[PDB]
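Structure first, then comments.
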Amino acid sequence: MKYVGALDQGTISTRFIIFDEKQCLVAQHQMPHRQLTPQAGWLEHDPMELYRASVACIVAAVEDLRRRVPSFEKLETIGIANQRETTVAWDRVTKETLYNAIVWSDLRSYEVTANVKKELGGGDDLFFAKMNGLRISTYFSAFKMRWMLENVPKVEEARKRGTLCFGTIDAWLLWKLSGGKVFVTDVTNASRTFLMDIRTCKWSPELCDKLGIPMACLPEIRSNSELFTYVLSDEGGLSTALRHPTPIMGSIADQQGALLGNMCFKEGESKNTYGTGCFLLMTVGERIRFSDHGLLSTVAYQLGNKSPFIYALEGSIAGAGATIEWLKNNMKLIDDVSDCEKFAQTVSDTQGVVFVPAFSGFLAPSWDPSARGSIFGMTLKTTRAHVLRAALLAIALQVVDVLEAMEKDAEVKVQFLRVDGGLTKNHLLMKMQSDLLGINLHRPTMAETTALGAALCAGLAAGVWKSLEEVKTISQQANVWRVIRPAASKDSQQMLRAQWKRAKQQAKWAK
Amino acid sequence: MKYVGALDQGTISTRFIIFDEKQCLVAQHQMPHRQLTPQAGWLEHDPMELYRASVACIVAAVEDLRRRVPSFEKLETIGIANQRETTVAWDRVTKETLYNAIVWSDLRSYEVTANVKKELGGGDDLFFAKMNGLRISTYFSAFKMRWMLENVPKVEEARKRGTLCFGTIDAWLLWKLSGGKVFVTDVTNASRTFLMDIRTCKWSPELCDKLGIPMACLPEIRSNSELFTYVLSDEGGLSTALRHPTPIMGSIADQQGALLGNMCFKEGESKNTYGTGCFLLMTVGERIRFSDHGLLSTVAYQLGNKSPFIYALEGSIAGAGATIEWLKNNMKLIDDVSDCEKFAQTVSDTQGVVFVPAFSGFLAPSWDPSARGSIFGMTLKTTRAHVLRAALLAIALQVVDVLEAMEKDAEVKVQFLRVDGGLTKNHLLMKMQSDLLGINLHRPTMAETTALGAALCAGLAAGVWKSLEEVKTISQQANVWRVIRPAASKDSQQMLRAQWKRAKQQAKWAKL
């Protein structure tokens with residue numbers, strides 16, 4: 001019996017999962033890391049703390065399994081998945097980090113991004129969309145790298161010596177795991193930097209020159225599924241816990257991992273992860289799709305450097321679980337997160353109340369920075385139950401807008417949606433989502449779809465599994481899907497869609 | 001030493017107050033009555049319940065006074081004040097009610113009023129405003145009367161017998177107090193029926209014909225301040241408790257009572273009552289004013305049947321204290337009504353959040369039935385302190401809109417605003433209101449300005465006081481006014497006014 005380890009180095013915590021060759025979860029760990037916020041809107045992580053947490057989770061899950069399963073000796077391979085966009089700077093020669101990791105959601109690069117938009121983009125945030133598939137935005141790695149060159153003298157010093165390494169967290173982890181001997185990134189993570197040509201999947205000399213980031217500072221782009229490195233690190237007792245030489249043969253941007261782990265290999269197959277926010281990705285196959293509605297073009301996966309590059313569309317929503325936390329901690333409408341659903345349940349409609357969770361504006365495909373958190377349609381009959389129901393409905397409606405845009409952009413009708421993340425436990429939200437979309441949702445019982453993604457990449461390259469088709473047969477028995485079916489079928493919800501449109505319009509506020 | 005009693009038969013409770021000739025409150029009693037809501041939007045009151053509450057309050061306060069002041073023998077006179085618009089139908093001969101009283105805020109007459117607006121107003125709800133000073137609306141008595149002739153067979157049968165009486169609560173109370181012997185109303189109440197010509201203060205043949213209400217079903221119109229009736233009922237032991245023949249010589253619509261009790265007798269002098277809603281009235285003097293901003297023209301007072309008609313403009317706001325109650329009971333954002341102010345206090349601004357309390361639309365002067373309750377401008381940093389502050393600010397801002405419209409219509413700049421009602425206890429609200437208006441507010445420490453109004457009417461007619469400016473000198477001595485001055489003198493006030501304008505525009509929702 002062969003085993004695949006999967007590391008998931010996320011925003012808030014790290015998890016290590018061990019799967020057998022039947023894709024059964026047989027061991028796992030998990031530890032958080034500190035969320036460092038030195039100023040309003042700034043977020044960074046200690047990069048050595050992330051590596052240490054990764055090591056601790058590997059060591060615990062491996063040693064747990066050895067204790068319970070006498071025949072477990074070694075992992076055949078390991079795959080990795082990581083928080084995207086988050087950017088690390090370190091020195092090739094000294095091997096120290098030259099600053100904390102600037103996290104995807106950090107806002108400190110705002111002036112840098114406005115400067116790019118004005119000076120390079122002629123005022124258009126989509127000016128480079130054709131080349132890299134993205135939007136000029138504080139989210140993407142190049143803007144954090146530029147920030148560091150202008151705000152951290154030691155980074156600028158390392159650049160001038162020719163010893164500066166920039167990388168996403170995949171590159172950082174592979175650097176550390178190899179003991180400083182490999183400098184690579186997978187193509188899914190490279191697609192998130194702003195600096196990769198999305199058509200060729202190679203570094204753009206034009207985007208590197210224009211953002212004043214030398215190509216030589218960047219990792220080598222590889223596929224998701226090939227030898228990255230042996231684990232050479234014995235930091236935390238890593239090498240001795242693994243016992244035998246162990247190859248890292250998978251690396252994937254976390255949300256693309258989830259797309260894989262949800263078995264979304266073909267054109268039209270889609271997933272939405274429901275957490276604090278949402279990440280909705282649709283696979284589009286080998287023909288790239290460029291959005292006409294402000295969505296991202298991204299790489300879904302490449303399985304082997306001989307295989308084709310497979311593309312995705314992606315959109316985001318900020319006000320999902322965040323809305324519920326805000327309702328509890330700031331508004332005190334509810335004493336617990338779980339009361340949202342319980343109280344929303346007690347009414348069958350909102351009596352025309354709509355909640356707009358555009359706390360910092362609307363994202364694509366309703367792009368509008370000026371929109372704010374809004375409530376409409378209240379009368380003296382309105383109760384908190386109606387408002388809480390309205391807040392949940394808004395999560396589903398934003399998913400409807402992203403998905404309808406993706407369908408126009410890809411030219412495909414989505415027949416069902418895979419759904420994961422901890423907010424899929426909200427049964428009322430999932431039914432609302434299904435009723436509004438008019439299609440079934442599929443919720444996996446084995447929840448760790450990102451980890452499974454990484455494991456598939458590694459296991460395919462190592463020959464634990466012999467093909468996608470094999471992977472998908474095994475998954476048919478390992479991971480049962482729960483199906484959520486629409487209750488009223490399609491459009492008895494015409495009224496709510498009109499109201500939702502009017503609401504987004506009248507939420508305009510900040511300008 | 002003379003004493004004047006004042007009955008205030010309000011929406012949710014009745015009060016009887018006894019005042020001495022120095023206008024000092026020397027006794028009082030209060031009782032609630034049931035708010036009957038048989039379907040959504042319907043509100044009615046049991047008219048015998050209102051009369052019996054009235055009687056009990058008089059009995060109680062008379063008896064307490066006799067105990068504390070042994071030389072008190074009788075009331076010289078009694079004045080009454082009443083919840084306006086509220087309509088009662090009864091039979092002249094059997095003397096029973098033919099239905100509950102349909103209260104001012106009831107909505108059951110909605111279809112009747114839509115039909116009048118369409119068929120008789122040609123789609124203009126201000127079509128008859130120049131004749132009666134009002135708007136075609138469910139608020140006013142005539143629409144309740146028409147509703148009853150169409151929906152209550154007993155009322156229709158009484159009309160056909162020649163025995164049907166309709167009246168406002170003033171008329172009903174005088175009817176009951178006289179033992180069925182007088183059928184009258186004061187002009188301030190009659191101005192709320194839709195059926196009085198506001199220029200002549202007589203029943204309008206045209207408005208009576210067009211609402212299909214026979215003018216003989218209506219009480220005789222009188223002034224606020226003359227002999228209405230002696231108390232002849234010994235229902236509830238009333239006239240036995242009064243002991244001596246006691247004349248009712250004052251009758252005034254409640255909000256107009258409050259205006260008089262606040263000493264607002266001259267052109268430009270205004271008051272706003274803060275409770276569930278607000279009622280803002282400004283006296284305009286003998287020259288009637290018609291609004292160009294959707295406000296009501298009404299009668300302020302007529303003191304004696306020879307004296308002139310004095311006019312007022314009036315505006316209202318629904319989402320005052322109702323907003324605070326709603327926040328507590330429906331939203332559960334607060335456990336106690338007093339937490340609104342306590343939590344709002346903890347912040348100096350709303351970080352740009354605005355609260356629009358147009359739960360059932362906007363009233364004049366922002367008229368818009370499509371607007372709904374709205375919040376705008378929230379970010380993740382928004383707290384309930386910011387939202388509660390925004391809710392209070394909205395009360396003040398709606399008062400600003402009413403008052404600045406009134407000033408344009410009356411051609412007066414208001415010097416100061418007298419303020420009463422139980423929400424004047426919210427000290428933060430009062431300071432917000434002052435800062436936004438940029439004028440002082442005057443809050444009376446003797447709360448009961450409506451009752452005092454009714455007492456003034458009765459006491460002037462009975463010769464207890466000789467004139468309004470005597471009445472006002474005595475009031476300078478009895479009723480201290482607390483003065484709230486504008487502090488925060490800002491152009492952050494310009495930003496909030498622009499935001500408030502944008503909010504009212506974006507609160508549009510219902511399309512009706």
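Labels below follow one simple rule: chain letters A, B, ... track the order of the sequence lines, proteins then strands, and each chain is numbered from 1. These values consider heavy atoms only, across backbone and side chains, with no hydrogens, waters or symmetry-generated copies.
Residues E157(A) and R161(A) are not paired through a salt bridge, judged by the lack of any N-O separation under 4.0 Å between the basic side chain and the carboxylate. Residues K408(A) and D292(A) are not paired through a salt bridge, judged by the lack of any N-O separation under 4.0 Å between the basic side chain and the carboxylate. Note on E407(A) versus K413(A): no salt bridge recorded, every NZ/NE/NH1/NH2 to OD/OE distance being 4.0 Å or above. Taking a cutoff of 4.0 Å between a charged side-chain nitrogen and a carboxylate oxygen, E85(A) and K144(A) do not qualify as a salt bridge. Comment: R108(A) engages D106(A) in a salt bridge, judged by a side-chain N to carboxylate O separation of less than 4.0 angstrom.
With 3.5 Å as the limit, one finds no donor-acceptor pair spanning the side chains of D197(A) and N132(A). A donor-acceptor contact closer than 3.5 angstrom links the side chains of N189(A) and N82(A). Side-chain contact of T298(A) with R192(A): a donor-acceptor pair under 3.5 Å is present, judged by distance alone. The closest side-chain donor-acceptor pair between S223(A) and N305(A), if any, does not fall under 3.5 angstrom. No hydrogens or angles considered: a donor-acceptor pair under 3.5 Å links the side chains of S251(A) and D186(A). Side chain to side chain, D8(A) and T450(A) fail the donor-acceptor criterion of an N or O pair below 3.5 Å. Defined by atom type and a distance below 3.5 Å, a donor-acceptor pair is missing between the side-chain atoms of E314(A) and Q255(A).
Take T193(A) and apply the side-chain hydrogen bond (donor to acceptor under 3.5 Å, both in side chains) test, not counting sequence neighbours, and it matches no residue. Residues meeting the salt bridge (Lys or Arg N to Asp or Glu O under 4.0 Å) test with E220(A), sequence neighbours left out: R222(A). Partners of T424(A) by side chain to side chain contact (heavy atoms under 4.5 Å, CB included), not counting sequence neighbours, listed by chain and number: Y274(A), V419(A), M430(A), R443(A). Partners of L120(A) under the side chain to side chain contact (heavy atoms under 4.5 Å, CB included) rule, at least two apart in sequence or in another chain, are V116(A), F128(A), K210(A), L211(A). For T383(B), the side-chain hydrogen bond (donor to acceptor under 3.5 Å, both in side chains) criterion is met by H386(B), not counting sequence neighbours. In this view, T382(B) satisfies the side-chain hydrogen bond (donor to acceptor under 3.5 Å, both in side chains) rule with no residue, not counting sequence neighbours. Every residue two or more places apart in sequence or in another chain that forms a side chain to side chain contact (heavy atoms under 4.5 Å, CB included) with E96(A) is listed here: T94(A). Applying the side chain to side chain contact (heavy atoms under 4.5 Å, CB included) test to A322(A) and every residue at least two apart in sequence or in another chain returns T276(A). By the side-chain hydrogen bond (donor to acceptor under 3.5 Å, both in side chains) test, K176(A) is found to be paired with no residue, residues two or more places apart in sequence or in another chain being considered.
Annotation: side chain of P214(A) is in contact with side chain of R159(A) (closest heavy-atom distance under 4.5 Å). Residues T283(A) and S270(A) have side chains not in contact (no heavy-atom distance under 4.5 Å, counting atoms from C-beta outward). Counting heavy atoms from C-beta outward, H293(A) and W367(A) have side chains that stay 4.5 Å or more apart. The shortest side-chain heavy-atom distance between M378(B) and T350(B) does not fall under the 4.5 Å cut-off. When side chains are defined from C-beta on, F355(A) does not count as touching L393(A), because their heavy atoms never get closer than 4.5 Å. Proximity of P47(A) to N100(A): side-chain heavy atoms (C-beta onward) are separated by under 4.5 Å at one or more points. No side-chain heavy atom of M215(A) sits less than 4.5 Å from a side-chain heavy atom of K202(A). Counting only heavy atoms from C-beta outward, the side chains of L327(A) and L388(A) approach each other to under 4.5 Å.
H442(A) and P444(A) make their closest contact through O-CD, 3.8 Å (heavy atoms, listed as atom of the first residue, atom of the second, distance). The two residues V402(A) and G315(A) have their closest heavy-atom pair at CG1-CA, 4.2 Å. Nearest heavy atom pair, residue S191(A) against residue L134(A), reads O-CD1, 3.4 Å. Across all their heavy atoms, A89(A) and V155(A) have their closest contact at CB-CG2, 4.1 Å. The shortest non-hydrogen separation linking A405(A) to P365(A) is CB-CB, 3.9 Å. Residues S316(A) and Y139(A) come closest through the heavy atom pair OG-OH, 4.0 Å.
Judged purely by atom type and a 3.5 angstrom limit, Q256(A) uses its side chain to pair as donor or acceptor with the backbone of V299(A). A donor-acceptor pair under 3.5 Å links the side-chain atoms of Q433(A) to the main chain of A396(A), judged by distance alone.
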Using the rule given for side-chain contact (heavy atoms from CB on, under 4.5 Å), can you reason through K508(A) versus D368(A), listing the C-alpha separation, both sets of side-chain angles and the distance that settles it, and then say yes or no? CA-CA 8 Å; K508(A) 294 167 185 304; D368(A) 176 5; 3.0 Å; yes

Working for salt bridge (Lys or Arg N to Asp or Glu O under 4.0 Å), residues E269(A) and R418(A): CA-CA 8 Å; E269(A) 293 179 330; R418(A) 278 71 146 199; 3.5 Å; yes

Output, in order, the C-alpha distance, side-chain angles, deciding distance and verdict of side-chain hydrogen bond (donor to acceptor under 3.5 Å, both in side chains) for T11(A) and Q83(A). CA-CA 6 Å; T11(A) 307; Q83(A) 52 163 325; 4.5 Å; no

Please walk me through it: do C201(A) and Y311(A) pass side-chain contact (heavy atoms from CB on, under 4.5 Å)? CA-CA 11 Å; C201(A) 304; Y311(A) 291 96; 3.5 Å; yes

Can you check salt bridge (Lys or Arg N to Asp or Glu O under 4.0 Å) on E49(A) and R52(A), steps first, answer last? CA-CA 5 Å; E49(A) 201 220 320; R52(A) 273 184 273 289; over 6 Å; no

Evaluate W104(A) against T87(A) for side-chain hydrogen bond (donor to acceptor under 3.5 Å, both in side chains), listing each step before the verdict. CA-CA 8 Å; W104(A) 59 270; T87(A) 301; over 6 Å; no

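The salt bridge (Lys or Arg N to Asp or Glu O under 4.0 Å) pairs that include a residue from residues 129-143 of chain A are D125(A)-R135(A), where partners are two or more places apart or lie in different chains. Sorted by first and then second residue, the side-chain hydrogen bond (donor to acceptor under 3.5 Å, both in side chains) pairs with a member in residues 393-405 of chain A read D401(A)-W500(A), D401(A)-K504(A), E404(A)-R497(A); sequence neighbours excluded. A ring-ring contact (aromatic ring centres under 6.0 Å, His included) check over residues 33-53 of chain A, counting only residues at least two apart or in different chains, returns the pairs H33(A)-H45(A), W42(A)-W147(A).
In this structure, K154(A) NZ and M148(A) CE are separated by 12.5 Å, a value rounded to the nearest 0.5 Å. Atom CD1 of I198(A) and atom CE of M196(A) lie 4.0 Å apart (nearest 0.5 Å).
Relative orientation of the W90(A) and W175(A) rings is tilted, given thresholds of 30° and 60° on the angle between their planes.
The environment of NZ in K425(A) is sparse: at most 12 heavy-atom neighbours from other residues, nucleotides or ligands sit within 6.0 Å.
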